[PDB]
Structure formats: C-alpha cells, structure tokens
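Every residue, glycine among them, receives a Cβ derived from its backbone with ideal geometry; neighbour counts consider all protein chains shown. Just so you know, all these numbers are worked out from the coordinates, no wet-lab data involved.
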Amino acid sequence: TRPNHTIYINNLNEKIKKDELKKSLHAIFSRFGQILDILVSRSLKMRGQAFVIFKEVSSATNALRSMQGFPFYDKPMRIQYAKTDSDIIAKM
RNA sequence: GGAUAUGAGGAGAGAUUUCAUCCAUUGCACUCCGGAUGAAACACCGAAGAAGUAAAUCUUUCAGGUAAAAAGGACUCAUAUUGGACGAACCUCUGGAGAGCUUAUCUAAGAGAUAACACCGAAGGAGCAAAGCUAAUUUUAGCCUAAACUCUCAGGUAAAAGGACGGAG
Ligand SMILES: [Mg+2]
Ligand SMILES: [Mg+2]
Ligand SMILES: [Mg+2]
Ligand SMILES: [Mg+2]
Ligand SMILES: [Mg+2]
Ligand SMILES: [Mg+2]
Ligand SMILES: [Mg+2]
Ligand SMILES: [Mg+2]
Ligand SMILES: [Mg+2]
Ligand SMILES: [Mg+2]
Ligand SMILES: [Mg+2]
Ligand SMILES: [Mg+2]
Ligand SMILES: [Mg+2]
C-alpha cells in the first residue's frame with residue numbers, strides 16, 4: 001500500500017458484466033483525474049476485483065482517500081495502492 | 001445361432017458461445033482460463049429405437065449423442081433358462097463404408113508393378129476382459145482368453161475388383 005498510478009479495488013459485487021462494471025467505474029472515477037484504463041476480469045482468481053490506472057499519482061490518491069468504503073452496488077468499495085503499473089507509464 | 005436374464009469388452013464427434021439460478025472464492029493482477037445441474041444459437045457423429053430398401057452397421061439425422069467419469073452403446077464373449085440344431089455352415093444373386101486420383105524411377109509415366117512419405121479400418125492377421133482351469137495365506141502366480149475394440153504384417157485410399165455385414169432362392 002505505497003503510492004502508485006494504478007490503484008486496486010475489491011469487494012465489489014461479483015454478478016456484474018465486465019463491460020457494464022467497467023462503465024460504472026469509469027463514470028465514478030473520471031471526476032478525480034484522467035483515467036488511462038480500467039483493467040477488470042471475471043476469472044476465479046480475479047473475481048470481484050478491479051484496477052484503475054491514472055496518468056498522475058495525484059489523481060490515484062485523491063480517488064483513493066475519497067472513494068473509500070463508498071457504497072457501490074450494495075458493497076463498500078475497498079481500495080488500495082497497487083504493486084506495479086505495467087503499461088505506458090511502467091517501462092516508459 | 002435365436003429370444004429374456006445377468007457378468008465382461010465395446011467406437012465416433014464442442015473439456016464450444018450466450019444465458020437463469022444453486023456450490024465454492026477477499027482473490028494483487030497486466031493472452032482470453034473453477035465446479036453442478038437445467039433452457040437456447042450455430043458447428044459436429046453414426047452403434048438404442050426409428051424411418052428408405054429385400055434387409056442392413058448402407059442411407060437420412062425427427063428422437064438420441066459430442067473431455068476422462070458417469071450413464072448410453074449396433075456387436076462381442078461367459079454362466080442360468082427355454083427350445084430350432086428345415087433363418088444353418090457350404091453354393092448362386094446382389095445392397096454394401098473409410099481414407100493421396102502425392103512424387104521419384106523400370107515402359108511410355110494419372111494406369112499398373114517398385115520405394116518414399118501421408119493416411120483408412122469392413123477379406124484375411126496378430127493382442128486381450130470377465131468366466132474357466134490349475135494353485136504357495138486377503139495378497140496370489142500361471143496357462144486360457146471374444147469382437148467391428150486394439151493395432152495396421154499382408155490389405156485399401158478415381159473406376160473395376162475387393163468388401164466385415166445384410167437380405168433373395
Ligand atoms: Mg455394459
Ligand atoms: Mg482467506
Ligand atoms: Mg448408422
Ligand atoms: Mg428398416
Ligand atoms: Mg437431432
Ligand atoms: Mg441401428
Ligand atoms: Mg478395425
Ligand atoms: Mg489372438
Ligand atoms: Mg481372464
Ligand atoms: Mg501395411
Ligand atoms: Mg477405388
Ligand atoms: Mg461379392
Ligand atoms: Mg476382421
């Protein structure tokens with residue numbers, strides 16, 4: 001849990017369409033900064049989880065510190081900093 | 001060999017894609033990747049029954065099926081029962097699938113012979129399962145072991161021939 005561009009969100013409802021989930025997240029987080037991508041899947045290992053990459057660390061933090069435990073789909077969002085970006089930012 | 005019983009062997013082809021609920025999962029990734037049932041969308045198979053035919057495994061795929069398992073399974077063998085040894089071999093007719101009409105050379109070269117790679121499974125051919133019979137304690141060792149399974153020595157991948165199987169006198 002050490003400041004990063006990408007942040008990790010989990011304990012979110014495990015019955016949503018990967019597309020329609022990607023929707024709601026982009027809709028909620030874009031108001032904090034430039035959302036580069038929302039990585040999500042429905043694989044057993046990566047269920048009920050999501051990532052959101054920002055261009056600047058400062059947008060990742062302001063979203064984190066603010067949107068925490070926010071009631072989203074009858075689940076309190078649990079957000080925290082990632083491990084490593086692995087995109088245009090990391091290795092570039 | 002038939003017909004029921006039961007034990008045993010028995011192939012093909014989507015571990016597809018959407019979707020409804022149940023069972024698990026708090027999980028830190030940057031190829032898309034958990035089960036259990038159901039209901040649909042094309043794709044595919046030939047081995048319950050079924051329907052065309054004289055009948056059929058040929059042939060249609062309505063029903064049925066599409067990792068292993070599980071169930072299913074034309075056929076195959078073994079005990080038990082019933083009986084026919086005038087649907088039982090033999091002989092004639094004929095329906096009968098699969099997969100290279102690939103290249104080299106012999107003489108003239110799409111044919112055939114021979115080698116080569118690539119296959120197929122239905123003459124023929126080898127190998128087994130339960131049972132069976134021996135035998136040194138659950139262990140068990142052995143030999144005996146059907147088949148369209150298994151394999152592919154011979155055999156076959158355009159026609160002709162062949163052809164397990166089926167029916168017609
Ligand atoms: Mg059986
Ligand atoms: Mg745990
Ligand atoms: Mg058939
Ligand atoms: Mg018939
Ligand atoms: Mg059908
Ligand atoms: Mg039949
Ligand atoms: Mg065969
Ligand atoms: Mg033999
Ligand atoms: Mg035996
Ligand atoms: Mg041979
Ligand atoms: Mg021919
Ligand atoms: Mg003949
Ligand atoms: Mg044979």
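From (1) within 12 Å of RNA strand B (Cβ to nearest atom); (2) closer than 15 Å to A:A90 by Cβ, pick out the condition that doesn't hold for A:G48.
So A:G48 meets the others, but not (2).
Checking A:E56 against (1) within 11 Å of RNA strand B (Cβ to nearest atom); (2) within 21 Å of A:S86 (Cβ to Cβ); (3) not hydroxyl-bearing (S, T, Y), which single condition isn't satisfied?
So the condition that A:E56 fails would be (1).
Would you check which residues across the stretch A:5-45 are within 6 Å of RNA strand B (Cβ to nearest atom) and either in contact (Cβ under 8 Å) with a residue 12 or more places away in the chain or surrounded by 13 or more Cβ atoms within 10 Å (Cβ to Cβ) (or both) and list them?
Residues satisfying the conditions are A:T6, A:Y8, A:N10, A:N11, A:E14, A:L39, A:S41, A:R42.
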